[PDB]
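K.L.:
2 protein chains.
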Amino acid sequence: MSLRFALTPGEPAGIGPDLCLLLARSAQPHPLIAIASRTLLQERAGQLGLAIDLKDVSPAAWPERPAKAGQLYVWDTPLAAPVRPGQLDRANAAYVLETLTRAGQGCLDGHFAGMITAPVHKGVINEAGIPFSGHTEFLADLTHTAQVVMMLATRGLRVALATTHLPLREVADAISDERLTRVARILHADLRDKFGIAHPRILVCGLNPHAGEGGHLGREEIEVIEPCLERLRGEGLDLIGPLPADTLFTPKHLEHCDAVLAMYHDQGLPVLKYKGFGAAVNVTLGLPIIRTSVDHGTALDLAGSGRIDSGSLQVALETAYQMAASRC
Amino acid sequence: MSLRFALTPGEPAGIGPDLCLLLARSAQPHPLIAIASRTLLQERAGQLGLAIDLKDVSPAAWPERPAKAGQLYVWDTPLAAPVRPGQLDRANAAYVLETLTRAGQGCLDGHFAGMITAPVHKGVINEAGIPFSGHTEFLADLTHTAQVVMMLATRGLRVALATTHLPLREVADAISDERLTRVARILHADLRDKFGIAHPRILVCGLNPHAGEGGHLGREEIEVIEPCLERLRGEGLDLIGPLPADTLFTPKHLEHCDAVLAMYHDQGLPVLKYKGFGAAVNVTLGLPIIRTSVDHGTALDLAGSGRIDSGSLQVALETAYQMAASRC
Ligand SMILES: [Mg+2]
Ligand SMILES: [Mg+2]
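Protein sequences appear in the order of chains B and A.
To convert a position in the first sequence, counted from 1, into PDB author numbering, add 1000.
To convert a position in the second sequence, counted from 1, into PDB author numbering, add 1000.
(1) Name the DSSP bridge partner or partners of A/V1315?
(2) B/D1295: beta carbon under 7 Å from a heavy atom of ligand 2?
(3) So, is the C-beta of B/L1229 closer than 8 Å to a C-beta in chain A?
(4) Against chain A, with Cβ distances strictly below 8 Å, would B/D1258 count as a contact?
(5) Along chain B, which residues have their Cβ under 9 Å away from the Cβ of A/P1251?
(6) Return helix, strand or coil for B/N1208, following the three-state DSSP convention.
(7) So A/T1292 is in the beta strand (DSSP E); what residue range does that whole segment cover?
(8) Can you list, in chain order, the residues of its chain with a C-beta nearer than 6 Å to that of B/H1188? Leave out the 5 residues immediately preceding and following it.
(9) How about B/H1121: is its Cβ closer than 7 Å to a heavy atom in ligand 2?
(10) To the nearest whole angstrom, what separates the beta carbons of A/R1327 and A/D1193, a pair I think is in contact under 8 Å?
(11) Determine the chain A residues that contact B/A1172 at a beta-carbon separation under 7 Å, and present them in chain order.
(12) Which same chain residues, not among the five before or five after A/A1245, have their C-beta less than 6 Å away from its C-beta?
(13) Cβ of A/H1265 versus every heavy atom of ligand 1: is any distance shorter than 7 Å?
(14) Mind reading off the beta-carbon distance from B/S1037 to B/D1076? Whole number of angstroms is fine, and I expect it under 8 Å.
(15) Identify whether B/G1114 lies in helix, strand or coil by the three-state DSSP scheme.
(16) Check B/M1323 in the structure and name its three-state DSSP category.
(17) At least one CB of chain B closer than 8 Å to the CB of residue 959 of chain A: is that the case?
(18) Within 10 angstroms of the Cβ of B/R1307, are there 16 or more other Cβ atoms? Answer buried if so, exposed if not.
(19) Anything in chain B within Cβ reach of A/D1246, meaning under 7 Å, just list it in chain order.
(20) How do the segment 1271-1282 of chain B and the segment 1167-1174 of chain B stand: do at least 3 beta-carbon pairs fall below 8 Å, yes or no?
(21) Between the segment 1208-1224 of chain A and chain B, which residues of the former have a C-beta closer than 9 Å to a C-beta of the latter?
(22) When you check each C-beta in the segment 1134-1165 of chain B against every C-beta of chain A, which residues fall closer than 7 Å?
(23) Decide if A/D1141 is buried, meaning its Cβ has at least 16 other Cβ atoms within 10 Å, or exposed.
(24) Given a threshold of 16 other Cβ atoms within 10 Å of its Cβ, counted over all protein chains shown, does A/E1235 qualify as buried or as exposed?
(25) Please find out if some non-hydrogen atom of ligand 2 comes closer than 7 Å to the beta-carbon of A/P1209.
(26) Cutting at 8 Å between CB atoms, please list the residues of its own chain near B/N1208, excluding the five before and the five after it.
(27) Which of the three DSSP states is assigned to A/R1038 in this structure?
(28) To the nearest angstrom, report how far apart A/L1048 and A/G1297 are at their CA atoms.
(29) Please state the DSSP three-state secondary structure of B/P1242.
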């Protein structure tokens, strides 16, 4: 449809290119424009044994229909140095951010209805001397978004996180009224606007096991979480909880739920990965644009070996398509 | 050779008595002795519209054969006050602990092969002025066991915990070389001795997300967990990890392990409950006796209603029977 999507293979030495090529074996419901190096993809394809019709595409006139099953659109972006699967090279660090910038600005301009990102390697970018806090932070800065919320999803289950990549010992003190308020509002606003859910029903996990057990297993629920959720409900948000995480994450309770708000990383991702057989899409909430991503790393050691699972990227693409439909 | 098992209905006002009465409709493979008030059981039976014959048991003659279908052995233990389903009464707190003591001491004295516990209400016990941390802690003290290991299980999945009922902020400092080492050894030994697994394959979770990510998200894996597990692997224990929790909990890996060892409550139980809530048994490892239990609450508002699921307690019974046969 008139809805175009930018696909960023990410770190050239990683499986990003691989995955994108593998998913090029099937025709897409929409024109999927891969912003990367033609040569990169060509070689990776040859290395994988696969055969894809890397069809060049120019900003002068974007495509209109999806590439044939075995073809992949490519908005060529030059590498700085040749590539070898599984071998990082700081010389190509700028090339990575270039693809991300093209993809992000494209969405901001309206040429792209949304973007899907394959794995990037933070370490090699920092080694090139390029300021890079991370994949998500980069896009946030590009879109001038001060606050974002990380929401993981698999078919039939969405889990937003109050805290993300932090040592477990730093979690408890990070749970504040301010933090929960910011996260809840963004989660609500986006499920409504980007997923077409008028009144999102969000189940909220307690921080402590058994959600603090009436205050006998931690005080955070009584002192912080409960008062916060109470105020938010009065403001219109349908937040249910705090509920014990191991009670909430069950078919019964999830049946009438649009998303689960977990307090920290390992409290919500295991169930999601279990359910989806390791396939999960990472959605950045709070941005003016639509962006999804796979949750796994670059897997340098598996690059060009074909021994990879494209489930995550597959789910990442579908989620992006759906969001655009509901309205960006 | 004859094996007797103690059964404790637990909190009188809860559904424990109900569950024990319902399961009594089927003849057991071993004599199952309910340690509770005979009058309580007879009244709850009438309340439920169930026809169960209560056969008195004397410590002077522990029955060798199982009771008949529709019959339940009862070692009468007096209540302090009449019981009203759904209504807690601190006057009966001592009664609860008395039945637990009789069961535990009965195993320690060699009369019982194991014990199965139905739900108890910790709150009413503490309100009666009796220090009680919970079921597991009470038994560890009664048996003078310094370290026990809580393991939840359902068909196809067993999850042991390094720490249990602890506020999240206390978890990190609790993961010590001493604790982890004891916990791992107990899990390996019991899977070998009580579950008949010659060479247990155990997947171990890191404390931090991504298992610390090379020490970038916490140093515990590097400084404590890795060294400990490495030490034990050098002793023949097939422990794999530490690995990211959301990686270990994928079908791909679970299919090849005998148990998962999570560092804390909400890191491992959500997946277990998602997979087998309603057929999940809580097994206390490390005790000099065998004890299993359900992991649901007393459901005070369902007492006397008959709208309950005895599936969990059923699995708890079968698990104790199997463990005892395997050998305490
Ligand atoms: Mg629990
Ligand atoms: Mg992660």
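Note that CB positions come from ideal geometry on N, CA and C, so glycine has one too.
P.N.:
This is what the structure gives:
(1) BP columns for A/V1315 are empty, so no partner.
(2) yes
(3) no
(4) no
(5) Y1274, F1277 and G1278
(6) coil
(7) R1291 to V1294
(8) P1200 and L1237
(9) no
(10) 6 Å
(11) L1168 and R1169
(12) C1205 and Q1267
(13) yes
(14) 7 Å
(15) strand
(16) helix
(17) Look at the range of chain A in this structure, 1001 to 1328, and you will see that residue 959 of chain A is not part of it.
(18) exposed
(19) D1266, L1269, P1270 and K1273
(20) no
(21) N1208, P1209, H1210, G1212, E1213, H1216, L1217, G1218, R1219 and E1220
(22) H1165
(23) exposed
(24) exposed
(25) yes
(26) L1217, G1218, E1220 and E1221
(27) helix
(28) 19 Å
(29) strand
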